[PDB]
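Would you be able to build a 3D model of this:
(3 chains)
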Amino acid sequence: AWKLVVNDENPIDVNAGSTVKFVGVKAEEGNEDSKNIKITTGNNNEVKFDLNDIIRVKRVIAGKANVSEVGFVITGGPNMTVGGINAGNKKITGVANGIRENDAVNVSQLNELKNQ
Amino acid sequence: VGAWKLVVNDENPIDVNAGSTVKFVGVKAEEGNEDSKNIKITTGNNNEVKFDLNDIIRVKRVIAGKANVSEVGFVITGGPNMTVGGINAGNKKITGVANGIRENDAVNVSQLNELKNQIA
Amino acid sequence: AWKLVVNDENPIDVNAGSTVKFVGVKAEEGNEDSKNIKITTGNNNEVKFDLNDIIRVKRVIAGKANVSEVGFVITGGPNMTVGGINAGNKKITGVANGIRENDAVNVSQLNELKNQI
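Numbering: from 1, shown residues only, chains lettered A, B, ... in the order given. What follows is the structure:
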């Protein structure tokens, strides 16, 4: 027999005739397509590990950038949440001229009015 | 060592005998890019098999409650979005906007008020 | 003994009495709850693999959409970064009337003035 230790847990004894099972945990209980870790096998019995095309988490952190249930947040910077967009006391650039009533307007549009 | 079996998500067992080799592999997300294995599997000391994410992960969707990342961009369900076709402010105000300067910068209320003072 | 080959690495030899350890790597050295890959065991000793509820990476790529240390970027399109927001040379829609000095203004508010002046 050999022993399999997962992180800090007590060893699993693997005897002759024993079965070891690997399981991708389902994020959503009825949904076999909801396993965040996708474990499959190859033609030569290779055990293959990947991510699901769709991953379900509570939070993604990449430096100051956060994705979570509240929205898209840059620590100390802009954000987008259910209550709307905060531009972080910075300019918003690359804005095409607004057309509909609830489109944003840009500097060029303010200037047009200023000359009429 | 005794002969044992490995069952992966209820696949038919893989029988492992004395003399057998078992391979674990991280799948490449991008066909020809060796650096694109989302699951980073390595070996260290003391027969440790170490599992982590790649520094760069490649997926089609991230779901974190009502916040969604996808090939179209960044969406809050029932809220604003920033997607390929543009920003949708979600029928909410946009706050914290510094004064626009270039012709394609957004303007703020302070600037609209400056104009009101200038025209008539 | 049997051998374990992980990707292109040298084989590990597993004899009778050997131990193999599976470990989640900590994303942050001081945080034992920062292991991106969550490995646990079930009530019949199944080895269960999942993601941490909180994952820490340098970049997520979903097609043109990127999450990274600079912020939220659509390649060739809109972005929201440490330096502010770019609207992608497209219109911004769904903007409620600005109120406070640093709120954005919409077409309706520009027209309201035009009708007064």
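
show me what contacts the residue nearest to the spatial centre of chain A?
In chain A, the residue lying closest to the centroid (C-alpha atoms, centre = their mean) is residue A:60, at 5.4 Å. The contact partners of residue A:60, by C-beta atoms under 8 Å, 6 or more residues apart in numbering or on different chains, come to A:66-68, B:62, B:64, B:69, C:55, C:57, C:60, C:67. Placement of C-beta: from N, CA and C, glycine included.

What residues are bridge-paired with it?
Listed beta-bridge partners, residue A:60: residue A:67, residue C:55 (assigned using DSSP bridges).

Can you give the domain ranges for chain A?
In the domain annotation for chain A, the residue ranges read A:1-52, A:53-116 (curated CATH domains).

just the ones you listed: most buried one?
Taking mean count of other C-beta atoms under 10 Å in any protein chain shown as the contact definition, the stretch among these with the greatest mean neighbour count is domain A:53-116, which reaches a mean of 20.

Tell me the residue of chain A that sits nearest chain B?
Across chain A, the shortest distance to chain B (C-beta to the nearest C-beta) belongs to residue A:16, at 2.5 Å.

what separates residue A:41 from chain C, distance-wise?
Relative to chain C, residue A:41 is positioned 14 Å away (criterion: C-beta to the nearest C-beta, to the nearest Å).

ok now do that residue, which residues does it touch?
For residue A:41, the contact set (C-beta under 8 Å, 6+ apart) comprises A:47-48, B:8, B:11, B:14.

swap the cut-off to 10 Å and go again
A:22, A:47-48, B:6-9, B:11-12, B:14 (C-beta atoms under 10 Å, 6 or more residues apart in numbering or on different chains).

same question, residue A:69
Contact criterion C-beta under 10 Å, 6+ apart gives A:58-59, A:81-82, B:64-67, B:76 as the residues in contact with residue A:69.

Residue A:1 too?
With contacts taken as C-beta under 10 Å, 6+ apart, residue A:1 has the following neighbours: A:11, A:13-16, A:18, B:1-2, B:4, C:16-18.

ok, now residue A:77?
Residues near residue A:77 by C-beta under 10 Å, 6+ apart: A:64-65, A:86-90, B:96, C:70-71, C:80-85.

can you give me the end-to-end distance of stretch A:54-74?
The first and final residues of stretch A:54-74 sit 23 Å from each other (C-alpha to C-alpha, to the nearest Å).
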